[PDB]
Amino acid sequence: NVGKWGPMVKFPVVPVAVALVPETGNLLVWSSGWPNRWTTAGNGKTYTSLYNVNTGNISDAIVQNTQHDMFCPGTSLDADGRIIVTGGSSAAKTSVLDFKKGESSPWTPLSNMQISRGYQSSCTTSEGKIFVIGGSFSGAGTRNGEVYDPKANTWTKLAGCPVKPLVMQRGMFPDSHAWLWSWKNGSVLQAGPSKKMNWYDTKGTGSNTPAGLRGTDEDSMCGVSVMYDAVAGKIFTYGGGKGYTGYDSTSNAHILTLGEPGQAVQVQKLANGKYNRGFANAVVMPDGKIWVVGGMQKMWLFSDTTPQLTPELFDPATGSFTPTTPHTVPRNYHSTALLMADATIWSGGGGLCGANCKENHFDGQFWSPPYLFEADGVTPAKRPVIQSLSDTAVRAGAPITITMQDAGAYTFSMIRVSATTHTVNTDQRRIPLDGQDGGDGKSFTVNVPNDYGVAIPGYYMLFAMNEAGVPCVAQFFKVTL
């Protein structure tokens, strides 16, 4: 039992960026101002397409954003499940999609950023603000840190949050794709890709302080990281290279353990993965395993060379990797992967290099992990069902009563609804939840962690896993301020 690939789909745009839409769980994908190519200046618009998980069908490409070419942006989901995309080819702009108004309805404008930028990272802070830093694909000026207040609809520079301490030594865009992880009291850990990690404080006029080196790791551009147990403060990191392009990626794997902001982050070095990867994606699953898919060995853009076609499942409880079933198409630069509400995992994309470019990959597939199958690894297991939640918009600390269709012993986790492009996914985090049996083996009460630095505001998927480890299809709910 190594899981199983689902059937292949082929979008009418190259799915370079993708987002899970709250409530439905549909998968929204976008490229740029063209379906199949990009430019630095962009086309003043974006093509998007949407996979519907209720029907299994894909809709044809539309120009859904008519003011902003959202190639190479920052992405974050805010406290209400709005997808906020910054910069990129239209390097000054902020756009927003509110799913409630229609998954295919026009993206609408928000305030321009103070500093124009592209290939920055964006994250939603414990206050529900949006912090960006870096990003020199486009724009101008030192790409210092700024913060978006979505109540005020303003962007403010944070003099105390310079980019300098995160910049790597070599290669293109050394200030870009920071591994940003929101934490307690408005803090953000930049965990990489520079071997030097740094705390940022997004309150006030800003502050920053070293968080320590990432053990013995080297600079790791377009390595991956994921916060697989926010309650324990754990982040898994893998791979990357000394520069954006030009060098061999690594199979280095670490676990970071966060304590208090401004303190030193603990780093443990694991056994290496079997495959070295740059431009991979990492996805945390409801059981706390991490799936690492794609990437290449010697890093170049728009290239299918030295592809790693065999993904790996990492289990933090064993500190070990296991290979899963190979795919046939490379998933290198501009590839994406994302957890779906049915606990399968999207993988696809790659390329975006013009008409008749053989490195364009419009396609992808959904990977069903081992937990969806019986011990023979081929028969689909029966799945539990959440009938209801007591509440769907709860505060930090607040209880939620979860009513299962069938009586039994269940475990729970909530995974933050997320989006990804260019290896960057700041939105994804897992919180394991202790469930209190309510008497009947059917109603269970959990509490949201009491800290908004752990339970970052916004939408989550609540999964219940039965005694076999088989997860249900998630319910959505939000954590409010």
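For every residue, the number given is its place in the sequence shown, counted from 1.
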Exercise. Take the C-alpha B-factors listed in the entry for 279 to 287 and for 145 to 153, compute each mean, and give the stretch with the larger one.
Key: 145 to 153
Quiz item: Averaging C-alpha B-factors over each stretch, which comes out higher, 239 to 247 or 387 to 395?
Solution: 387 to 395
Quiz prompt | Highest-ranked of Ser95, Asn208, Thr216, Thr75 once sorted by CA temperature factor in the record | solution = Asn208
Exercise. Going by the CA temperature factor in the entry, name the top one among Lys195, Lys101, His327, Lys382.
Key: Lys382
Quiz item: Which third of the chain holds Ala464 when residues are ordered by C-alpha B factor: lowest, middle or highest?
Solution: highest
Practice problem: Among all modelled residues of this chain, ranked by Cα B factor, put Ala455 in the bottom, middle or top third, i.e. lowest, middle or highest. | Solution: highest
Quiz item: When the modelled residues of the chain are sorted by Cα temperature factor, does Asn43 land in the lowest, middle or highest third?
Solution: highest
Self-check item: Third of the chain's Cα B-factor distribution that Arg117 belongs to, per the entry
Solution: middle
Quiz item: C-alpha B factor of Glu127, ranked within the chain: lowest, middle or highest third?
Solution: highest
